[PDB]
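Okay, here's what each chain looks like letter by letter:
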Amino acid sequence: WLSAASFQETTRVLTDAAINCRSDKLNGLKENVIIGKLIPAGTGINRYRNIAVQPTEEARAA
Amino acid sequence: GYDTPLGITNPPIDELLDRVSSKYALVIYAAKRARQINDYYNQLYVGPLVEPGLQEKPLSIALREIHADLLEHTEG
Amino acid sequence: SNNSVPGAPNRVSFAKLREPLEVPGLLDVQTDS
Amino acid sequence: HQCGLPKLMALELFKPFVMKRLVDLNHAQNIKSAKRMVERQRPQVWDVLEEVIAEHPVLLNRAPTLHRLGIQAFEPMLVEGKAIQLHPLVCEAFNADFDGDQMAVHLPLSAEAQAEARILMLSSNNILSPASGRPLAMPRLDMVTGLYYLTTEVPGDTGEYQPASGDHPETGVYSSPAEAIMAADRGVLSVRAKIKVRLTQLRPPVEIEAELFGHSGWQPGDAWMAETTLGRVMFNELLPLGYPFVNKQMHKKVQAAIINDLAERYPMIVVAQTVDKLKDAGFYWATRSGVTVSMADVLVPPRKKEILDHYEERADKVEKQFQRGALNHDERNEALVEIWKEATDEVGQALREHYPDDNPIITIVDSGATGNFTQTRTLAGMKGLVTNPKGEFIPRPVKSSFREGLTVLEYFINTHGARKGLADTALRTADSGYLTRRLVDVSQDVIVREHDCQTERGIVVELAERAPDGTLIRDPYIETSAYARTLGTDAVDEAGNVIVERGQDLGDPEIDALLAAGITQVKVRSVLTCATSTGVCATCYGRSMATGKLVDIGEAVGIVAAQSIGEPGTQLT
Amino acid sequence: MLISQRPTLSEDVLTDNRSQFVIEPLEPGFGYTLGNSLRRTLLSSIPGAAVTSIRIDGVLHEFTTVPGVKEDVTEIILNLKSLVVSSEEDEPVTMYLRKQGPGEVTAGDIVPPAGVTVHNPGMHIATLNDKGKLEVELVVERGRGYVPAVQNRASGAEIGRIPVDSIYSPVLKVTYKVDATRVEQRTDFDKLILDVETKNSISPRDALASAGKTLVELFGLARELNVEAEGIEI
Amino acid sequence: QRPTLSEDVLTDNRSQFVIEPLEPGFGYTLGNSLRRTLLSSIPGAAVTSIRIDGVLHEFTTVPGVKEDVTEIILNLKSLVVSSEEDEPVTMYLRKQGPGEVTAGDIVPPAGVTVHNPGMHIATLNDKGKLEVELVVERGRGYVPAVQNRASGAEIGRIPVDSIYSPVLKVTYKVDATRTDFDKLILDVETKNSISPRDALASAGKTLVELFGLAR
Amino acid sequence: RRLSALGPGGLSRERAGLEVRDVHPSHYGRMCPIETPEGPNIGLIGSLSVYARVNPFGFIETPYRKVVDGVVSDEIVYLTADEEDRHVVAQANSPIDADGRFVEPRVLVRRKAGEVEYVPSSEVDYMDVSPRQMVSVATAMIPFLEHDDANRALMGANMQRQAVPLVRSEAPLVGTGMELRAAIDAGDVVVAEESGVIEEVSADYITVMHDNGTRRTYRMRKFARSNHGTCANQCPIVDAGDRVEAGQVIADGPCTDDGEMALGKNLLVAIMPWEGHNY
Amino acid sequence: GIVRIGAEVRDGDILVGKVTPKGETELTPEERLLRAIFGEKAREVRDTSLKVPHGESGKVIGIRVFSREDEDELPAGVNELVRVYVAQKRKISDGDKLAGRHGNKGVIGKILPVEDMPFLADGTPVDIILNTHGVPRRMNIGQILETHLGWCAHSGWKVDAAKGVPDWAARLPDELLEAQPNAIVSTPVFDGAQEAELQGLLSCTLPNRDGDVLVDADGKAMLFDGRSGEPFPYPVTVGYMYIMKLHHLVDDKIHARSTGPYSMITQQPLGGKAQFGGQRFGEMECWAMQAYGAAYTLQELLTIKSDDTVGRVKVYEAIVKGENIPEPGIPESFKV
RNA sequence: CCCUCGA
Ligand SMILES: [Zn+2]
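## Here's the deal with a negative patch on the surface
Moving on, step 1. Together, D:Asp330, D:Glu331, D:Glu334, D:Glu338, D:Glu342, D:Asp345, D:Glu346 and D:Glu392 make up a negatively charged patch on the protein surface.
Moving on, step 2. Inspection of the secondary structure assignment puts D:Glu334 in helix α14 (residues 329–354).

Right, here's the structure in full:
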């Protein structure tokens with residue numbers, strides 16, 4: 001309902017969403033934009049963003 | 001077969017992409033390494049693995065380290 | 001060649017046609033009202 | 001990869017970095033003295049600025065942003081003056097007209113933002129159109145002209161090669177392109193004249209390399225004899241070492257073909273530096289191309305008055321048929337519209353017949369640099385029929401060309417369609433943006449979530465069609481339909497052997513194998529049949545048009561699709 | 001009037017016969033004032049030695065093929081124009097080349113008269129079978145720049161004498177570029193890059209020094225009009 | 001044969017200079033190197049700043065003077081002035097109306113010279129009075145008005161754009177023919193400040209020292 | 001001279017369709033088809049034509065020449081849009097000889113509801129009093145306007161009004177002849193109301209002694225700020241002792257030179273690509 | 001406290017000094033300690049002085065003052081009202097907008113030293129270089145015609161009447177059969193100089209001071225390259241065109257901001273150059289960031305560069321100390 | 001917001 005409210009017919013979407021006690025899951029990328037969370041796309045995907053970077057032993061030797 | 005690369009162009013992007021599965025992973029790769037470097041400089045944890053340029057930015061140091069295969073990364 | 005204004009610089013015209021009517025005062029739409 | 005940044009802009013945007021830097025040096029006692037020192041523009045800051053800006057990318061943006069190339073990353077260069085300097089090749093992506101366009105600059109801060117600018121958004125890492133995959137940062141306008149003039153072969157030019165005769169030796173052959181340049185510095189040789197040169201540093205075309213060279217093929221230093229202009233030799237020096245010599249007059253489409261081939265088979269960095277070289281040569285030679293505009297260069301159709309008089313006779317006949325009662329008003333207007341469309345086409349034909357091909361008005365259009373012959377015809381020949389406020393043709397054409405200048409009535413008549421076209425463009429650019437917003441909102445969450453969903457489903461694409469004769473007709477839709485896909489079923493070709501294996505990119509070589517093998521249909525993977533629950537799998541989507549490789553996991557292809565569909569929307573009438 | 005920051009000259013040697021030079025920094029606009037004059041001076045102003053005409057025994061009226069030689073006439077001409085030679089004589093000097101039997105004819109087979117030097121003896125000239133022989137005469141002179149063939153046509157020219165294009169210039173190729181260097185607040189200063197490739201007769205260094213010498217004399221013609229005249233000194 | 005340079009004068013401020021012979025193709029780039037140095041680097045003298053009595057800034061009028069201060073400064077940009085002092089010197093102008101104030105009415109100190117005495121400066125009626133100080137310095141090229149914050153100057157001072165270059169119009173042509181050679185004809189027109197001969201001489205010194213970088 | 005369709009009693013910008021913004025055949029000689037904004041206000045704002053008047057009832061009239069028996073007379077009649085539809089009006093580019101007779105038997109005219117037709121010269125009621133009659137003041141200042149497409153001609157009319165006054169003006173070598181009468185009527189130039197002799201002149205004021213013995217003084221606007229921050233500066237073009245006449249221009253205004261509108265300079269122009277900087 | 005007439009003022013200089021009363025709570029603890037031990041009893045104030053905005057310079061040409069001490073009528077609550085007028089001379093510069101009367105416009109992309117401008121045979125450098133590619137497709141050919149007539153007007157002309165009046169000049173007025181240099185002419189709209197008449201006048205163009213004709217009957221001239229000295233290979237169209245300086249000027253345009261004032265309502269930066277605001281990164285700009293799939297840049301733009309109130313300050317704190325950029329917080333606009 | 005204007 002957060003993604004749809006920011007698109008069109010905001011009044012309608014918000015009344016309908018209130019009557020239905022809808023719970024937005026926040027997984028969308030527009031929702032992530034609104035709440036200030038990294039979008040679930042590109043560099044924001046769990047696969048890339050949680051990368052752990054370590055120097056190899058041979059390089060630490062030198 | 002390319003001429004001398006300048007600035008951002010160095011190191012070449014084709015070989016950096018040859019080091020990593022996707023460009024996004026190269027971004028987070030080099031970024032987190034650069035943060036490690038800067039933290040090492042300020043904290044007086046592991047320093048640069050190449051010979052740094054004069055004032056050279058930590059992100060450039062990181063990209064050069066990746067180009068030389070000096071570090072490993074887990075995707076998770 | 002705009003000869004109806006005294007002291008006007010002489011600007012020679014290529015116009016072939018003769019204009020029988022002078023241009024009215026361009027502010028007449030304001031001042032007249 | 002660079003952009004001109006005004007000194008004051010860069011000093012403001014980088015203010016804290018400068019402050020810290022000159023605090024570390026003896027220049028400033030504390031950080032507040034650094035602040036006041038930067039606000040006064042003390043002379044010490046400038047050097048420091050040069051140091052803090054190095055390899056720190058910036059984002060440039062021009063509104064409206066129709067697609068993602070409306071924002072690109074550049075390395076900033078301190079430049080004199082108050083204006084932002086834009087690289088000539090990106091003006092296609094930004095649609096920058098340089099008539100007073102302004103752009104915006106944003107400074108990435110965190111390591112991740114800087115990395116994203118260097119890698120994802122760098123100007124020279126997106127050369128290709130993400131929509132059609134075609135090259136985007138490409139010579140156009142002056143550059144094209146400069147290359148076109150450079151590579152044109154002029155029969156009978158100065159220094160042209162001549163065959164030996166009795167008592168007359170063979171002239172116009174050179175031991176090296178250096179010697180041909182020395183001859184060109186004198187008035188002896190024309191850059192556009194056909195000659196024979198001995199090239200050791202360029203690869204010959206495929207036929208010549210096969211027939212004239214052994215197992216090794218061509219190698220640097222191996223001498224071969226070429227019949228070509230010095231201009232085409234210089235042009236091929238811009239291309240990468242080892243690229244086969246192209247002996248051709250360079251039309252925009254030939255340049256596009258070469259650059260696309262380069263992007264496919266060569267590293268993207270080589271593409272960047274190459275198109276830089278093409279830019280420099282194109283500008284230098286456009287200056288010396290001799291294209292200019294004069295009232296003398298605008299030529300008029302010789303028979304025009306006789307033509308328009310003939311079609312005037314026809315019009316008079318139609319009018320007499322109307323007052324006779326033999327025609328409607330709508331039928332009369334329809335007849336007159338046909339008459340003056342025909343007369344306009346004939347005046348355009350005679351006009352085109354009268355023009356030489358080296359005329360500036362002609363060469364500027366025919367090279368692909370700018371414009372079209374309808375504009376040429378409106379200028380030189382006639383304007384023709386003009387449209388009402390309602391959009392209907394006025395039965396009375398404008399016979400005057402803009403070179404002749406229009407009568408007052410013709411000018412008034414033309415204003416209808418001119419202005420209505422202006423407002424029409426105003427609305428078109430709005431509705432296009434609305435449709436773009438709806439497409440973005442419906443496709444926004446479509447993302448590549450996985451490598452392969454391994455679905456066997458697919459779509460049948462028509463690769464070609466067989467004529468009554470044995471020749472097969474190339475399908476006009478191959479570029480946007482069959483290309484860039486990924487194969488869902490191996491191609492059997494009505495024979496035992498399989499031409500291409502499932503999962504291949506179906507690029508130009510694979511398409512050629514499929515066509516030569518005589519296969520008229522293919523089953524490809526599509527996002528329509530993709531079985532991935534959330535979003536799509538990379539394999540079903542196939543190639544990324546921008547990178548030319550398989551789409552990365554995480555690329556948002558719904559937004560890319562919506563931008564690709566919406567950006568051209570302003571051009572649809 | 002004033003005194004600018006003293007520009008420096010630097011050399012990066014690319015190969016033995018090729019080098020780049022940079023002059024920098026230059027007051028804005030001076031890069032183009034030095035650039036084309038330095039390029040055209042390097043090309044046209046340095047004296048060298050070159051082949052002017054050739055005599056080939058066995059070819060007289062039609063110049064097409066030489067019996068017993070694989071290369072045709074004009075290819076022999078191409079191979080000869082690429083011959084690198086120095087001469088002290090200041091007057092035209094004829095050298096002779098003769099070889100018989102099967103084998104390869106190279107510039108090393110030339111017998112130089114006293115005062116000339118062939119610097120590329122290993123250069124392939126022709127190739128001969130057993131039945132053919134190559135007897136060819138060469139007239140070498142000194143000059144400047146590149147003179148076309150028709151200017152080498154003698155009014156009393158001998159039968160069978162073939163005039164050739166002459167490359168006197170010891171420098172083969174020169175290009176120049178003007179970039180911007182930063183001096184304090186000014187980012188528009190001029191930097192001059194010269195990419196110069198010569199033969200093995202001269203190095204790029206000595207070619208640049210020679211062009212500079214003859215230029216200093218040339219504009220010295222103007223300086224000498226008044227020696228009291230004041231100008232930029234740096 | 002070595003080339004030579006002969007001068008043929010046309011007017012007092014305009015002369016032609018022939019340089020022959022030259023290797024073919026060499027004339028254009030030489031005459032243009034000289035032209036580039038002439039239009040830019042030739043030393044000269046110009047007004048740096050002025051001070052008018054009763055006016056503290058340039059947008060204003062002087063009582064009884066027909067041209068305002070901005071127009072007066074525009075007229076003073078046409079001054080041609082030659083100074084030997086090699087340091088800032090001051091010229092004075094004091095005139096009471098009515099009449100025409102021309103550049104002849106300027107009183108230069110010894111060592112500086114006004115070369116166009118008839119140049120119009122201002123027009124004065126019975127109530128007009130003009131008292132002006134004009135600072136003169138030596139330089140080359142064009143330096144825009146030096147801001148007072150860059151100086152220690154006070155408010156009454158009105159800096160002016162300084163056009164130093166004494167040369168006026170320069171061109172060339174070549175006659176292309178010994179065996180093959182180029183003849184350079186260089187056409188120099190200066191102001192009355194200096195002679196074409198001297199301008200070409202200083203151009204020659206500048207280029208001689210400059211090309212000395214290539215040994 | 002603007003004619004605005006927006007306001008109280010007018011139409012809302014929201015409710016203005018594309019049919020209101022179109023050139024209309026009744027505009028001829030009344031509202032300029034060229035000059036109008038190219039932004040969202042296109043077609044909602046227009047300029048009064050050079051010869052147009054506003055009649056006492058609010059309707060715009062334009063003068064025409066009576067055509068009697070195929071001869072073109074010098075009698076002038078101001079017609080409204082309604083009166084113009086009952087008659088047949090020949091364009092000014094229609095050729096006439098020394099006599100009032102038309103050169104051609106067929107002439108392109110506007111007759112009924114704005115249709116353009118080859119028509120018999122035998123029946124012609126009125127004729128335009130001049131070219132530029134359909135055009136505004138700013139559009140009448142475009143030389144060779146007839147050789148320019150209506151869109152660029154629109155851009156030209158709007159761009160002249162964006163020109164900043166220069167420290168010194170210069171009249172164009174190539175005018176249309178409208179520049180003088182535009183500068184005087186605009187009123188930023190100083191004009192002598194009565195003929196006389198200049199008694200005193202300075203940058204501050206000009207005094208003219210009339211033959212009456214009465215004198216009139218004109219004070220000069222000196223470095224005055226306009227609403228948009230440009231510089232309104234008047235300078236006298238006359239000298240002490242000069243004899244001037246009623247209507248003569250005494251002093252130039254910001255964009256005037258000798259009484260003609262000077263909006264720019266005459267620059268020496270070369271048409272050619274140069275090293276990509278004019279790209 | 002008011003700047004003196006005739007002063008040269010650069011951005012940041014004080015035009016009018018003004019102080020505003022400040023409360024006790026608004027002092028820093030350090031500022032409070034010094035005022036106490038030093039026995040400063042003066043009113044606590046903030047410096048509200050009127051300063052020159054960024055990118056502005058000029059001379060003070062005027063001052064007006066209105067006081068409530070006098071009878072000057074002021075709005076309610078206003079004691080004193082001061083106006084300061086600053087005048088600047090603006091030289092043409094890169095980024096200014098020029099235009100002709102035919103709709104032909106552009107920014108100035110480069111201003112070149114007069115020496116490397118292309119020049120005519122007599123040494124005259126050209127003023128302006130317009131690109132060929134932009135003329136024809138715009139269908140404004142008057143800019144060319146004007147340029148032809150501008151040259152004839154500049155150099156003057158005399159048509160050859162010896163054998164008689166040529167056919168192409170037969171309809172010209174007798175006063176146009178010759179013109180002195182710098183003649184001013186008028187070509188009215190829809191009754192103009194005809195194509196043939198303009199073409200004929202191009203033949204009778206008067207010479208220059210040397211008797212040399214610089215422009216041929218096609219309206220073209222041979223030009224020299226100012227940089228290399230070599231002549232350009234083909235005749236280029238040259239003439240005189242009337243060019244205007246349009247009121248879009250770089251000085252009023254160039255703007256940049258590191259940090260600055262924020263809206264009290266939405267806690268986002270202000271906007272406009274006058275308010276020292278930031279650039280709007282809008283919906284379509286965010287689509288581009290998502291299309292690139294750059295998450296950290298888009299999050300950074302919408303949190304610590306705009307909304308996030310603790311982050312924007314912690315970020316500046318980290319740059320000055322040369323540390324890594326902190327992780328973004330919650331944008332204020334969401335709480336709103 | 002509105003007026004007016006730039007791409
Ligand atoms: Zn799938």
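## Quick notes on the interface of chain G and chain H
Moving on, step 1. With 56 residues of chain G in contact, the opposing surface of chain H contributes 70 residues.
Moving on, step 2. When chain G packs against chain H, close to 5500 Å² is buried across both sides, 66% of that on carbon and sulfur atoms.
Moving on, step 3. Across the contact surface, chain G and chain H share zero salt bridges.
Moving on, step 4. Inspection of the chain G/chain H interface yields 29 residue pairs in polar contact.

## Side note on the pairing of strand β2 (residues 58–61) of chain D
All names here are of chain D.
Moving on, step 1. Residues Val58 and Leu60 point to one face of β2 and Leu59 and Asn61 to the other, with burial holding for every one of them.
Moving on, step 2. Relative to strand β4 (residues 104–106), β2 is paired through three bridges, and the arrangement is antiparallel. The partner of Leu60 across the bridge, within β4, is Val105.

## As for the arrangement of the chains
Moving on, step 1. Inter-chain contacts occur across 16 pairs of chains; the most extensive set of contacts lies between chains G and H.
Moving on, step 2. In this assembly chain C lies apart from chain D, the nearest approach of their C-alpha atoms being 13 Å.
Moving on, step 3. Without any contact between them, chain C and chain F keep their closest C-alpha atoms 20 Å apart.

## Considering the coordination of the zinc ion
Residue and element names in this part refer to chain D.
Moving on, step 1. Here the zinc ion is held by the protein donor atoms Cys453 (SG), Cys530 (SG), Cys537 (SG) and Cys540 (SG), which lie 2.1 to 2.2 Å from it.
Moving on, step 2. One can describe the site at the zinc ion as tetrahedral: its four donor atoms subtend angles covering 95 to 115 degrees at the metal.
Moving on, step 3. All donors of the zinc ion belong to a single chain; written as a sequence motif, their spacing is C-x76-C-x6-C-x2-C. One end of the pair, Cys453, is in the loop between β8 (448–450) and β9 (459–462); the other, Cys537, is in strand β14 (residues 536–537), with 84 residues separating them in the sequence. Each member of the pair, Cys453 together with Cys537, is buried.

## Here's the deal with helix α3 (residues 58–67) of chain B
Moving on, step 1. Among the ten residues in α3(B), seven count as buried, and that is most of the element.
Moving on, step 2. Listed in full, the buried residues belonging to α3(B) are B:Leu59, B:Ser60, B:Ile61, B:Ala62, B:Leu63, B:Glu65 and B:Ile66.
Moving on, step 3. Check the buried side of α3(B) and you find it contacts α1 (13–19), α2 (23–42) and β1 (71–74) of chain B together with α6 (111–119) of chain D.
Moving on, step 4. Count one or two residues on from α3(B) and you reach B:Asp69, which has phi positive near 60 degrees.

## Focus on the pattern of salt bridges
Moving on, step 1. All told, the structure shown has 104 salt bridges over all chains when counted by the stated rule.
Moving on, step 2. Ionic pairing is found between D:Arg265 and D:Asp261, a salt bridge with its closest N-O pair at 2.8 Å. In this pair, D:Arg265 and D:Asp261 are both assigned in helix α11 (residues 252–265), four residues apart and thus about one turn of the helix distant.
Moving on, step 3. The class of D:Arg265 is partly exposed, set by a relative accessible area of 49%.
Moving on, step 4. Taking the relative accessible area as the measure of exposure, D:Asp261 reaches 25% and is therefore partly exposed.
Moving on, step 5. When salt bridges that share partners are traced, they join D:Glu312, D:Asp316, D:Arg396, D:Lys399 and G:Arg106 into one network.

## Considering the interface of chain B and chain D
A common measure of how large an interface is: the accessible area buried when the components associate.
Moving on, step 1. Each partner contributes to the interface: chain B provides 27 residues, whereas chain D provides 32 residues.
Moving on, step 2. For the pair chain B and chain D, the summed buried area comes to about 2700 Å², and 61% of that belongs to carbon and sulfur atoms.
Moving on, step 3. Between D:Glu112 and B:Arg35 there is a salt bridge, with its nearest N and O atoms 2.7 Å apart.
Moving on, step 4. Run the count over chain B and chain D and you get twelve residue pairs in polar contact.
Moving on, step 5. Of all the secondary structure elements, the ones that give two or more residues to the side of chain B that touches chain D are α1, α2 and α3 of chain B.
Moving on, step 6. Looking at which element gives the most residues to the side of chain B that touches chain D, the answer is α2(B), with seven residues.

## Notes on the sheet that holds strand β14 (residues 186–198) of chain E
All names here are of chain E.
Moving on, step 1. As summarised here, the arrangement of the four strands in space is β1-β2-β14-β13, forming an open sheet in which the pairing is antiparallel. Each edge of the open sheet is held by one strand with a lone partner, namely β1 (8–13) and β13 (171–183). Across the sheet, the mean angle from the axis of one strand to that of its neighbour is 20 degrees, orientation sign disregarded.
Moving on, step 2. As paired strands, β13 and β14 are joined by eleven bridges and run antiparallel to one another. Bridge assignment links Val171 to a residue of β14, and that residue is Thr198.
Moving on, step 3. On top of the sheet, helix α1 (residues 30–44) reaches β2 (18–26), β13 and β14; it is set at about 165 degrees to β13, its chief contact.
Moving on, step 4. Strand contacts of helix α3 (residues 204–223): β1, β2, β13 and β14, with the helix running at about 45 degrees to β2, the strand carrying the most contacts.

## Considerations on the sheet that holds strand β7 (residues 224–229) of chain D
Residues and elements named next belong to chain D.
Moving on, step 1. One open sheet holds the three strands; their spatial order is β5-β6-β7, and the pairing between them is mixed. Where the open sheet ends on each side, the last strands, each with one partner, are β5 (173–174) and β7.
Moving on, step 2. Pairing of strand β6 (residues 194–199) with β7 involves six bridges; the strand directions are antiparallel. The partner of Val197 across the bridge, within β7, is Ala226.
Moving on, step 3. Here helix α10 (residues 230–238) sits on the sheet and contacts β6 and β7; the angle it forms with β7, its principal contact strand, is near 110 degrees.

## Points about the pairing of strand β14 (residues 182–190) of chain F
Residues and elements named next belong to chain F.
Moving on, step 1. The buried fraction of β14 is high, at eight of nine residues.
Moving on, step 2. For strand β2 (residues 14–22) and β14, the ladder comprises seven bridges, and the chain directions are antiparallel. For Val18, the partnering residue across the bridge sits in β14 and is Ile185.
Moving on, step 3. One ladder, built from nine bridges, connects strand β13 (residues 167–176) with β14; its direction is antiparallel. Bridge assignment links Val167 to a residue of β14, and that residue is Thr190.

Rules of the game
- Residues numbered from 1 in each chain as written, not as in the entry; some residues may be left out.
- Chains lettered and ligands numbered in written order.
- Part of a larger assembly, values for the part shown.
- Heavy atoms only, no water.
- Residues with missing side-chain atoms left out of burial classes, pairs and counts.
- Patch = residues over 30% accessible without salt bridge, like charges linked within 9 Å, V, L, I, M, F, W, Y side chains within 5 Å.
- Areas by Shrake-Rupley, 256 points an atom, 1.4 Å probe, with all protein chains shown as cover.
- Salt bridge = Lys/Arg side-chain N within 4 Å of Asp/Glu carboxyl O.
- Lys, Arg positive; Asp, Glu negative; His and termini not counted.
- Charge placed at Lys NZ, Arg CZ, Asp CG, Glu CD.
- Helix = DSSP H or I, 4+ residues; strand = E, 2+ residues; numbered from the N terminus.
- Contact = heavy atoms within 4.5 Å.
- Buried area = accessible area lost by both parts, 1.4 Å probe.
- Polar contact = N/O pair within 3.5 Å; in protein donor to acceptor, adjacent residues only side chain to side chain.
- Buried < 20%, exposed > 50% of the residue type's maximum accessible area, 1.4 Å probe, protein only.
- Pairing = 2+ DSSP bridges.
- Donors = N, O, S within 2.8 Å, 3.2 Å for Na, K, Ca; no water.
- Tetrahedral: all angles 85-135°; square planar, octahedral: opposite > 155°, others 65-115°.
- Axes fitted to C-alpha atoms, helices over the stretch in contact; angles between N-to-C directions.

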